[PDB]
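Per chain, numbering begins at 1; letters A, B, ... match sequence-line order.
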Amino acid sequence: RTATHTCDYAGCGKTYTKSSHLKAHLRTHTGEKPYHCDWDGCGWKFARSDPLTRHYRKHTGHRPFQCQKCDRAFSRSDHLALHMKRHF
DNA sequence: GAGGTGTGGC
DNA sequence: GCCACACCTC
Ligand SMILES: [Zn+2]
Ligand SMILES: [Zn+2]
Ligand SMILES: [Zn+2]
């Protein structure tokens with residue numbers, strides 16, 4: 001009646017709290033990657049949606065994160081964070 | 001730079 | 001489910 005979301009694969013008894021995390025984990029067993037990049041010529045596929053959204057910034061040149069000292073811009077927040085270490 | 005992924009807010 | 005942070009790995 002009330003229980004955690006479990007992976008019913010024989011060799012996997014792992015569990016998750018969010019249903020979305022289990023659905024993503026199942027794709028590691030089947031190898032499915034339903035999130036396709038429609039950019040003509042790319043062909044990349046991903047198991048989750050967020051790496052595709054992130055990947056897409058490569059094509060669009062979207063770089064919201066900018067260093068306010070040297071003016072260099074990045075497409076990801078983790079890239080800016082690492083860059084800031086250069087200004088310590 | 002970039003993908004892969006654990007985790008969480010909405 | 002979507003999106004994003006943060007960390008890992010190459
Ligand atoms: Zn599993
Ligand atoms: Zn692409
Ligand atoms: Zn800078």
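The backbone N or O of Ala24(A) sits nowhere less than 3.5 Å from a side-chain atom of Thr28(A) that would complete a donor-acceptor pair.
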Could you walk me through whether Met84(A) and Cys67(A) pass the side chain to side chain contact (heavy atoms under 4.5 Å, CB included) check? CA-CA 7 Å; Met84(A) 291 303 303; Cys67(A) 176; 3.8 Å; yes
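Under the side chain to side chain donor-acceptor pair (under 3.5 Å) criterion, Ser20(A) pairs with no residue at all, not counting sequence neighbours. Checked against side-chain contact (heavy atoms from CB on, under 4.5 Å), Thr17(A) has no partners two or more places apart in sequence or in another chain. Remark: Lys18(A) pairs with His21(A) by the side-chain contact (heavy atoms from CB on, under 4.5 Å) rule, at least two apart or across chains. Residues that satisfy the side-chain contact (heavy atoms from CB on, under 4.5 Å) test with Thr15(A), not counting sequence neighbours, are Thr4(A), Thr6(A). In this structure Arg48(A) satisfies the side chain to side chain donor-acceptor pair (under 3.5 Å) test together with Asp50(A), sequence neighbours excluded. Under the rule for a side-chain contact (heavy atoms from CB on, under 4.5 Å), the partners of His29(A) that lie at least two apart in sequence or sit in another chain are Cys7(A), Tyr9(A), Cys12(A), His25(A).
Of all nucleotides in DNA chain C, those with any atom nearer than 4.0 Å to a heavy atom of chain A start and finish, going 5' to 3', at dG1(C) to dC7(C).
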Where along nucleotides 4-10 of chain B does protein come under 4.0 Å, by heavy atom, of base (B) or sugar-phosphate alone (S), with - for untouched nucleotides? BBBBBBB
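Residue pairs meeting the salt bridge (charged side-chain N to carboxylate O under 4.0 Å, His left out) criterion with at least one member in residues 66-87 of chain A, sequence neighbours excluded: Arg76(A)-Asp78(A).
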Which side-chain N or O atoms in residues 55-64 of chain A pair as donor and acceptor under 3.5 Å with protein atoms at least two apart or in another chain?
{"unit_1": "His55(A)", "atom_1": "NE2", "unit_2": "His59(A)", "atom_2": "NE2", "d": "3.0"}
{"unit_1": "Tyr56(A)", "atom_1": "OH", "unit_2": "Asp38(A)", "atom_2": "OD1", "d": "2.5"}
{"unit_1": "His59(A)", "atom_1": "ND1", "unit_2": "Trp39(A)", "atom_2": "NE1", "d": "3.4"}
{"unit_1": "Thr60(A)", "atom_1": "OG1", "unit_2": "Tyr56(A)", "atom_2": "O", "d": "3.4"}
{"unit_1": "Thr60(A)", "atom_1": "OG1", "unit_2": "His62(A)", "atom_2": "N", "d": "3.4"}

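Near DNA chain C, meaning a heavy atom under 4.0 Å away, there are no residues from residues 79-88 of chain A. Within a heavy-atom distance below 4.0 Å of DNA chain C, the residues of residues 56-72 of chain A found are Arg57(A), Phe65(A).
Between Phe74(A) and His83(A), the ring center distance clears the sub-6.0 Å criterion.
Closest approach of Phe46(A) to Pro51(A), counting heavy atoms only: CD2-CB, 3.8 Å.
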